[PDB]
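First the structure, in the form of structure tokens, and then the observations on it.
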Amino acid sequence: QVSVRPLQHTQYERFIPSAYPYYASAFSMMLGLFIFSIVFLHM
Amino acid sequence: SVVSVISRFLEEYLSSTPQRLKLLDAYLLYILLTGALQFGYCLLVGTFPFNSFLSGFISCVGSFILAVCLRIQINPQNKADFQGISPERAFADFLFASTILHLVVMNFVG
Amino acid sequence: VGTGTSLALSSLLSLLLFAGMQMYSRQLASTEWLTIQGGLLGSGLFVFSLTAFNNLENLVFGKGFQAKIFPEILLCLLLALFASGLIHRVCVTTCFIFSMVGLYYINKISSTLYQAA
Amino acid sequence: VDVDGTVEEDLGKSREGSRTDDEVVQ
Amino acid sequence: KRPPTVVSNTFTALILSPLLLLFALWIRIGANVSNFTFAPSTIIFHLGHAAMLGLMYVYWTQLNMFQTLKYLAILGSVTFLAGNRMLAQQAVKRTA
Amino acid sequence: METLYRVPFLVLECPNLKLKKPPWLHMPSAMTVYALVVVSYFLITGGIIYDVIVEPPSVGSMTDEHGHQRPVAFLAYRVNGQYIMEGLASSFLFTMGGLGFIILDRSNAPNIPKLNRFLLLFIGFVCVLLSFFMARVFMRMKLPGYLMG
Amino acid sequence: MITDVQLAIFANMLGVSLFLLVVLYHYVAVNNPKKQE
Amino acid sequence: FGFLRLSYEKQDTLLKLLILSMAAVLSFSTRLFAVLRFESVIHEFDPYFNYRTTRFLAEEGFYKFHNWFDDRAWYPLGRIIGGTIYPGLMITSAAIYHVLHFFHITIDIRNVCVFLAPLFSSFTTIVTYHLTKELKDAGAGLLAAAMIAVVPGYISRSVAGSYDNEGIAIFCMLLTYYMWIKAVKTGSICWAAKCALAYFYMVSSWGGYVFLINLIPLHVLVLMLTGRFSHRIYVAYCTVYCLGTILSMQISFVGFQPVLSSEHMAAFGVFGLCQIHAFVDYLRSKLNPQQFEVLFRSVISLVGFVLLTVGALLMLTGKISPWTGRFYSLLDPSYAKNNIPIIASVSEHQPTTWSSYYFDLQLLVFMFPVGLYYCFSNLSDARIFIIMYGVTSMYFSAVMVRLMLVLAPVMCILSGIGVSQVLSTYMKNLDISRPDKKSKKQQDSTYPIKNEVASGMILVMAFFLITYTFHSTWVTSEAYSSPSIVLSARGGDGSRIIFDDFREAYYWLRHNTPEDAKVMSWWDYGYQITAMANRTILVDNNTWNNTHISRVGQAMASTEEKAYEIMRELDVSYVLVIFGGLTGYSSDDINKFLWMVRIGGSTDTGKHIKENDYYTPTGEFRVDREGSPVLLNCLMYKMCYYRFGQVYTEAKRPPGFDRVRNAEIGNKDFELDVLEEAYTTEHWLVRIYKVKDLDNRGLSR
Ligand SMILES: [C][C]([C][C]/[C]=C(\[C])[C][C]/[C]=C(/[C])[C][C][C]=C([C])[C])[C][C]OP([O])(=O)OP([O])([O])=O[C]1O[C]([C][O])[C](O[C]2O[C]([C][O])[C]([O])[C]([O])[C]2[N]C([C])=O)[C]([O])[C]1[N]C([C])=O
Ligand SMILES: *[C@@H]1O[C@H](CO)[C@@H](O[C@@H]2O[C@H](CO)[C@@H](O)[C@H](O)[C@H]2NC(C)=O)[C@H](O)[C@H]1NC(C)=O
């Protein structure tokens with residue numbers, strides 16, 4: 001008897017090249033938000 | 001004519017908007033453009049990977065909505081409705097919400 | 001035409017359509033196209049029945065009586081729908097749809113004839 | 001006679017969850 | 001199936017373009033930083049807020065969930081204290 | 001196409017149609033909704049839904065040494081089983097008790113005659129006391145050991 | 001260990017007392033002049 | 001005069017602390033009846049699955065638990081525990097356990113689970129008072145806390161040892177509502193963020209999160225129809241929706257359901273509508289009214305067509321999943337009974353009767369309308385939500401008995417409001433309590449009896465309140481204090497005799513069988529066997545695979561020869577059946593035999609199995625001489641009644657009589673060709689048979 005198990009969450013592929021646009025959006029949002037905070041307070 | 005109406009609507013809006021409010025509108029336009037562009041990519045290239053597309057797209061909407069809430073709370077015209085809330089308190093809450101949004105999208109981005 | 005003769009004529013046309021629909025109910029439901037043909041017949045029955053009901057109302061209560069959405073219009077529509085169910089369930093969608101399309105134009109016709117005058 | 005011990009009634013069995021209906025016949 | 005790399009790169013660069021537009025509107029509309037001051041609270045608060053956003057990237061590459069929270073709690077506490085002191089000073093100035 | 005509909009009306013008298021919103025069709029008043037909810041509450045507590053799915057008889061039958069078929073109203077010893085008649089009778093009591101308080105509250109309003117005030121109070125207490133007390137009797141019959149220790 | 005009989009009496013006593021106290025709270029609350037000020 | 005000299009602010013605070021403190025004590029204490037009367041053990045069938053998971057998580061760590069795959073259940077398919085479970089209950093137990101050990105307080109994990117539920121009941125009491133206080137006043141809140149503490153309906157699933165999801169689900173739900181009410185009322189983003197975070201916690205704890213995600217959109221929609229929509233509503237609802245949706249998705253079990261399922265579409269639709277409504281108002285204010293009509297009509301025509309087309313396309317294409325079977329039934333009652341046998345089979349899915357309502361709630365049922373009447377009389381934005389919460393709970397509680405628990409919280413709060421209003425109004429009628437401001441002239445000479453009227457009204461209300469306590473105590477002691485695993489019987493002398501057969505069989509299997517043995521049983525007992533026997537099982541309570549269960553049903557219902565063929569294919573080693581004839585235990589397999597028949601025939605392979613075949617020609621299910629031939633020769637009948645014919649159950653009845661069916665078995669003497677008797681309990685409650693191997697000589701068995 002041998003048990004076969006599904007893949008663990010860690011084992012899944014990361015940094016998929018096709019998903020780069022999705023990656024860019026999230027990083028872009030943070031940078032824009034911070035810059036807005038700086039200008040808005042001291043306008 | 002509708003086209004004439006749009007011209008006057010811009011004309012009144014520019015004069016009647018304080019600079020600080022205008023800055024919000026410019027920021028919102030940037031957020032909307034990024035979100036729409038991502039949506040077009042998904043329907044042209046395909047859903048896969050669903051995890052990445054959904055996480056990125058949701059982040060744009062969360063940022064856009066959060067900015068709008070600040071836009072309304074600070075406005076003097078609506079001051080009576082949000083009784084007891086100073087501008088400083090509203091801004092502090094807005095940053096706190098943004099921090100949570102970035103963290104949760106971060107888990108599901110990959 | 002005379003109101004009294006008009007009431008009888010509308011009743012006769014509606015009655016004839018209803019009797020024919022029941023007689024050929026089995027054939028009409030056999031095929032989708034025939035069921036659609038039933039939709040046209042049911043709407044026609046609704047139009048004639050509505051005309052008869054208004055004519056009767058005018059004679060009993062005096063000329064110029066105005067038909068309302070309820071219960072005069074609703075009752076006539078309900079009777080037509082009930083006949084549609086007997087032949088087949090499918091018509092109730094098509095039989096209803098034709099009746100509504102006729103109703104809008106009939107109201108447009110009535111407004112021009114009566115309101116303008 | 002063989003053994004002793006008569007069960008009581010569970011006046012409130014119904015609340016139990018994920019259990020099969022023991023009264024279909026009735 | 002996966003899309004061609006060339007299209008994936010093209011969109012990735014394109015997503016950057018709105019950020020350039022955002023600066024263009026602000027510069028043309030009249031952006032100013034005249035109100036800025038060098039008070040210690042003001043500098044500390046911005047630095048803490050920026051660091052917390054930075055920590056997100058570090059979590060992406062190396063940290064796990066438990067580690068990220070442990071650092072985040074300390075960084076949040078300092079940022080909150082700086083923000084509270086800074087806001088009170090700004091409120092007094094506005095109400096003057 | 002419009003001409004085709006005109007063809008019958010050339011001989012027939014066209015009906016005069018006024019496509020206006022009916023006068024009676026108004027947005028329900030706040031009190032109106034509350035009344036509608038109360039009647040629904042009567043049915044739901046009555047077990048109307050239980051009756052539809054399980055389809056129990058209105059009344060069952062029993063026997064004794066003297067034999068013969070007693071009708072039964074209460075389903076003895078099973079809490080989750082009921083007859084049609086029993087469920088409605090119990091439900092009505094629950095609604096009545098609630099109303100008794102509301103009428104009592106209205107009776108307390110100022111500027112009411114001496115006769116009116118006394119009469120209203122009597123009804124309020126009768127509904128409340130009978131509704132609550134009767135309900136205990138109904139359960140006591142259904143479960144003989146109720147509150148017994 | 002306490003027997004079930006003791007636990008049952010204890011539960012009844014606390015509940016009855018607590019409800020009466022809530023009634024007493026209603027008394028003072030209306031009786032409060034500053035509440036109407 | 002000592003009390004008088006204290007300031008009124010001191011008096012109100014002191015009473016407030018005393019009332020709340022006592023209520024917490026009562027809530028915890030009342031749940032200990034079972035633990036005192038019986039041993040400190042886990043109750044019911046479902047909790048054991050939670051107990052096994054909780055131990056694994058604490059010992060192994062969160063990361064291992066997250067990826068845990070269990071091969072000991074649903075053999076040979078297996079089950080993925082990590083992605084098919086709700087982690088909320090397990091995480092809470094583990095976290096407290098670590099903290100107590102950290103301080104060198106060494107407590108058993110089993111104790112932590114057993115006593116987890118009573119503690120939360122006390123926490124729920126505090127939350128109730130604050131939520132009620134917001135709606136009306138402090139006085140109502142104190143009443144609500146008292147009612148919630150001893151309500152029998154809540155007690156049924158929160159008694160000590162009831163380690164079930166329901167214990168924590170209610171507390172999370174109330175907290176989320178409390179945050180939501182403050183978010184709308186204040187209109188502050190900070191409250192909105194807190195509400196979303198509470199919502200996420202509930203989503204992990206229970207699978208009933210769906211109820212909240214539909215009720216909240218419904219409340220906002222009603223406000224829009226009634227014209228009460230304001231900027232505060234827009235900020236509170238819209239902010240919560242975005243954070244709540246993303247947070248819920250993190251849970252592995254939920255996955256992508258929020259965006260793809262038809263269950264969650266209602267929240268999405270309302271969110272889109274709010275944006276349209278807000279934008280239109282902004283345009284109207286800026287624009288000239290005469291022009292605004294022209295733009296308003298043109299915009300509606302273009303936008304409405306586009307929106308309608310998109311919605312129709314999504315439903316028709318099937319990108320959005322249709323409603324799940326479980327939820328479809330809750331709405332349409334008939335669907336489950338006619339289409340899905342498995343859902344109908346469960347004994348907590350039946351419709352509710354009137355007796356159930358009174359038994360669980362008693363006085364509250366009388367007071368529920370009164371609370372509704374006052375809320376309708378005084379309409380407020382916060383009040384509107386509570387009305388929506390009530391009127392829906394009533395509908396969904398009749399359909400299913402299990403949902404009663406959801407009903408209990410709303411019932412207590414609303415009933416309290418009614419009692420509070422009545423007490424305040426008459427009590428101030430009693431002038432002796434307050435002279436206050438009075439005018440002797442124009443005092444309403446239609447009034448002779450002020451002192452008497454108030455005194456009677458208050459006294460009667462007190463009488464009802466005290467009775468409510470007595471009824472709640474008696475029901476909990478007599479109904480909810482019984483452990484399922486241990487059965488209590490009365491001896492001939494009237495002594496209390498305990499039957500421990502259920503555990504005894506499990507222990508026998510634990511040490512007396514090969515470790516790799518596979519045991520076959522009905523799905524009801526899957527959790528219990530795995531936790532205590534530590535042996536592999538074929539079916540489990542979760543019933544994630546219908547076809548697997550149906551195949552099991554066919555074997556039991558079929559003849560002896562056919563059953564053997566199926567069993568060999570699945571490598572079954574032992575079969576366990578529960579028989580209650582000797583002891584009068586009603587919930588035996590034979591009563592459940594019919595469900596097995598229907599389930600077995602549901603699948604394509606089970607078409608040969610017809611329910612009517614097992615009945616007498618007259619339509620009767622009987623096990624006596626007149627019983628159907630197929631029934632007497634089925635596998636289940638032989639197993640239960642093997643060698644039982646010669647046993648004298650009663651002195652007054654002939655041998656081979658079955659006490660629970662009150663009938664004598666028709667077939668008394670028979671032999672088991674393919675099964676052998678391995679072990680039987682002292683009272684015969686549990687019978688174990690061993691599967692015989694093939695014939696050494698190849699002869700047909
Ligand atoms: C029922 C509940 C819920 C609540 C909710 C509500 C009431 C709401 C409603 C709705 C709505 C929408 C409303 C609104 C209105 C409008 C809009 C108009 C909950 C329940 O819970 P649960 O968790 O489920 O419990 P239990 O039972 O224990 O569970 C178990 O069991 C079940 C059965 O029953 C199962 O199921 C299953 O699942 C699965 C998944 O995996 C599937 O596959 C299958 O099929 C099924 N089966 C059946 C028979 O159904 C489940 O699962 C379980 N659980 C767990 C966790 O596992
Ligand atoms: C329950 O059964 C499992 C299945 O065998 C037992 O696991 C064994 O544990 C022993 C002692 O640690 C190990 O030597 C074996 O290798 C384990 N076997 C497997 C297949 O994992 C487990 O010990 C039992 N649980 C108890 C006794 O509480």
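So you can find residues: chains in the structure tokens are A, B, ... in the order shown, residues in each start at 1, and ligands are numbered from 1 in order.
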Contacts of region 23-28 of chain E at 9 Å or less, counting only C-alpha atoms, minus same-chain residues fewer than 5 places along, as an mmCIF file with C-alpha atoms, in the first residue's frame?
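Wrote selection16.cif, looks like this:
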```cif
data_model
loop_
_atom_site.group_PDB
_atom_site.id
_atom_site.type_symbol
_atom_site.label_atom_id
_atom_site.label_comp_id
_atom_site.auth_asym_id
_atom_site.auth_seq_id
_atom_site.Cartn_x
_atom_site.Cartn_y
_atom_site.Cartn_z
ATOM 1 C CA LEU B 23 -5.865 66.794 -6.934
ATOM 2 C CA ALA B 26 -6.554 63.678 -11.054
ATOM 3 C CA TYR B 27 -5.480 60.838 -8.774
#
```
Shell of 7 Å around ligand 2 (only C-alpha atoms and all ligand atoms), written as a PDB file with N, CA and C atoms, in the first residue's frame:
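As a result, out_29.pdb now contains:
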```
ATOM      1  N   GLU H 515      -3.771  -3.467  12.182  1.00  0.00           N
ATOM      2  CA  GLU H 515      -3.781  -2.020  12.002  1.00  0.00           C
ATOM      3  C   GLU H 515      -4.325  -1.615  10.641  1.00  0.00           C
ATOM      4  N   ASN H 534      -9.413   4.215  15.634  1.00  0.00           N
ATOM      5  CA  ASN H 534      -8.170   4.404  14.892  1.00  0.00           C
ATOM      6  C   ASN H 534      -8.024   3.393  13.760  1.00  0.00           C
ATOM      7  N   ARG H 535      -9.118   3.111  13.062  1.00  0.00           N
ATOM      8  CA  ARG H 535      -9.103   2.178  11.946  1.00  0.00           C
ATOM      9  C   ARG H 535      -9.709   2.840  10.722  1.00  0.00           C
TER      10      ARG H 535
END
```
Please provide as a PDB file with C-alpha atoms, in the first residue's frame all residues within 12 Å of residue 22 (chain D), with the sequence filter that same-chain residues fewer than 5 positions apart are discarded (counting only C-alpha atoms).
```pdb
ATOM      1  CA  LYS D  13     -33.036  13.887  20.171  1.00  0.00           C
ATOM      2  CA  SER D  14     -33.960  16.204  17.301  1.00  0.00           C
ATOM      3  CA  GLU D  16     -28.508  16.176  17.065  1.00  0.00           C
TER       4      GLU D  16
ATOM      5  CA  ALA H 344     -33.846  14.682   3.020  1.00  0.00           C
ATOM      6  CA  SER H 345     -32.238  11.841   4.967  1.00  0.00           C
ATOM      7  CA  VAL H 346     -30.745  14.098   7.646  1.00  0.00           C
ATOM      8  CA  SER H 347     -32.829  14.254  10.824  1.00  0.00           C
ATOM      9  CA  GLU H 348     -32.175  17.945  11.561  1.00  0.00           C
ATOM     10  CA  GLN H 350     -37.167  18.562   8.919  1.00  0.00           C
ATOM     11  CA  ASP H 524     -23.411   8.145  10.419  1.00  0.00           C
ATOM     12  CA  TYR H 585     -32.684   1.766  21.324  1.00  0.00           C
ATOM     13  CA  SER H 586     -34.762   3.480  18.651  1.00  0.00           C
ATOM     14  CA  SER H 587     -31.970   4.875  16.457  1.00  0.00           C
ATOM     15  CA  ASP H 588     -30.714   1.567  15.074  1.00  0.00           C
ATOM     16  CA  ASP H 589     -29.786   0.757  11.483  1.00  0.00           C
ATOM     17  CA  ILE H 590     -33.032  -1.104  10.785  1.00  0.00           C
ATOM     18  CA  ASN H 591     -35.069   2.093  11.158  1.00  0.00           C
ATOM     19  CA  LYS H 592     -32.513   3.733   8.889  1.00  0.00           C
ATOM     20  CA  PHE H 593     -32.715   0.830   6.459  1.00  0.00           C
ATOM     21  CA  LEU H 594     -35.160   2.619   4.171  1.00  0.00           C
ATOM     22  CA  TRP H 595     -32.848   5.551   3.524  1.00  0.00           C
ATOM     23  CA  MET H 596     -30.184   3.056   2.552  1.00  0.00           C
TER      24      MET H 596
END
```
Exercise. Counting only C-alpha atoms, what is within 9 Å of region 116-121 of chain F, bar same-chain residues fewer than 3 positions away, as a VMD selection string?
Worked result: (chain F and resid 103 to 104 106 to 108 112 to 113 124 to 126) or (chain H and resid 446 to 447)
Problem set entry | residue 22 (chain C) surroundings by only C-alpha atoms, 12 Å radius, close-in-sequence under 4 positions cut, as a VMD selection string | chain C and resid 15 to 18 26 to 29 38 41 to 42 82 to 88
Could you save those same residues with C-alpha atoms as a PDB file, in the first residue's frame?
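part27.pdb, written as the output of this step:
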```
ATOM      1  CA  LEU C  15     -66.004  33.199 -29.377  1.00  0.00           C
ATOM      2  CA  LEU C  16     -65.126  31.707 -32.759  1.00  0.00           C
ATOM      3  CA  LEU C  17     -61.389  31.947 -32.100  1.00  0.00           C
ATOM      4  CA  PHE C  18     -61.711  30.234 -28.719  1.00  0.00           C
ATOM      5  CA  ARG C  26     -53.751  18.687 -30.023  1.00  0.00           C
ATOM      6  CA  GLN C  27     -52.486  19.634 -33.486  1.00  0.00           C
ATOM      7  CA  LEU C  28     -51.376  23.113 -32.412  1.00  0.00           C
ATOM      8  CA  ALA C  29     -49.214  21.813 -29.555  1.00  0.00           C
ATOM      9  CA  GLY C  38     -51.485  29.681 -31.328  1.00  0.00           C
ATOM     10  CA  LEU C  41     -54.709  33.420 -32.251  1.00  0.00           C
ATOM     11  CA  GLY C  42     -54.655  34.066 -28.508  1.00  0.00           C
ATOM     12  CA  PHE C  82     -56.236  30.658 -19.619  1.00  0.00           C
ATOM     13  CA  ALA C  83     -57.126  29.394 -23.094  1.00  0.00           C
ATOM     14  CA  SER C  84     -53.426  29.366 -23.989  1.00  0.00           C
ATOM     15  CA  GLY C  85     -52.615  27.060 -21.082  1.00  0.00           C
ATOM     16  CA  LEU C  86     -55.154  24.476 -22.217  1.00  0.00           C
ATOM     17  CA  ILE C  87     -53.397  23.852 -25.532  1.00  0.00           C
ATOM     18  CA  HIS C  88     -49.872  23.991 -24.119  1.00  0.00           C
TER      19      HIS C  88
END
```
Please determine the contact residues of chain E with respect to chain H at a cut-off of 12 Å, counting only C-alpha atoms, and supply them as a PDB file with N, CA, C and O atoms, in the first residue's frame.
```pdb
ATOM      1  N   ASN E  64       7.559  34.739   5.487  1.00  0.00           N
ATOM      2  CA  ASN E  64       6.305  34.011   5.558  1.00  0.00           C
ATOM      3  C   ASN E  64       5.281  34.871   6.291  1.00  0.00           C
ATOM      4  O   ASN E  64       5.546  36.014   6.666  1.00  0.00           O
ATOM      5  N   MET E  65       4.097  34.307   6.518  1.00  0.00           N
ATOM      6  CA  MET E  65       3.032  35.077   7.150  1.00  0.00           C
ATOM      7  C   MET E  65       3.391  35.458   8.582  1.00  0.00           C
ATOM      8  O   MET E  65       3.198  36.607   8.990  1.00  0.00           O
ATOM      9  N   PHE E  66       3.911  34.512   9.363  1.00  0.00           N
ATOM     10  CA  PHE E  66       4.184  34.799  10.770  1.00  0.00           C
ATOM     11  C   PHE E  66       5.275  35.850  10.930  1.00  0.00           C
ATOM     12  O   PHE E  66       5.161  36.751  11.768  1.00  0.00           O
TER      13      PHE E  66
END
```
Exercise. Interatomic distance between CA of residue 79 (chain F) and CA of residue 38 (chain F)?
Worked result: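 The value is 24.8 Å.
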Problem set entry | Exercise answer, 6 Å around ligand 1 with only C-alpha atoms and all ligand atoms, as a list in words |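 Checked against 6 Å with only C-alpha atoms and all ligand atoms; the hits are residues 18 of chain D; 85, 207, 208, 210, 211, 214, 326, 327, 342, 343, 542, 543 and 544 of chain H.
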Counting only C-alpha atoms, give me one row per residue of chain H with an atom at most 9 Å from an atom of chain A, showing the shortest contact pair and its distance in Å to one decimal, sorted by chain then residue number, as a Markdown table.
```
| residue | atom | partner | partner_atom | distance |
| --- | --- | --- | --- | --- |
| H:66 | CA | A:9 | CA | 8.7 |
| H:67 | CA | A:8 | CA | 6.0 |
| H:68 | CA | A:8 | CA | 8.9 |
| H:69 | CA | A:5 | CA | 6.6 |
| H:70 | CA | A:5 | CA | 8.8 |
| H:71 | CA | A:3 | CA | 6.9 |
| H:78 | CA | A:5 | CA | 8.9 |
| H:80 | CA | A:6 | CA | 8.3 |
```
For this session: Find the spatial neighbours of residue 92 (chain B), counting only C-alpha atoms, within a cut-off of 10 Å - ignore same-chain residues fewer than 6 positions away - and output them as JSON, numbers by chain.
Result: {"E": [80, 83, 84, 87], "H": [189, 190]}
For this session: Excluding residue 24 (chain G) and residues on its chain fewer than 5 positions from it, collect all residues at most 12 Å away from it, counting only C-alpha atoms, and give them as a list in words.
Result: residues 17, 18, 19, 29, 30 and 31 of chain G; 11, 12, 15, 16, 19, 139, 142, 143, 423, 424, 427, 433, 458 and 462 of chain H
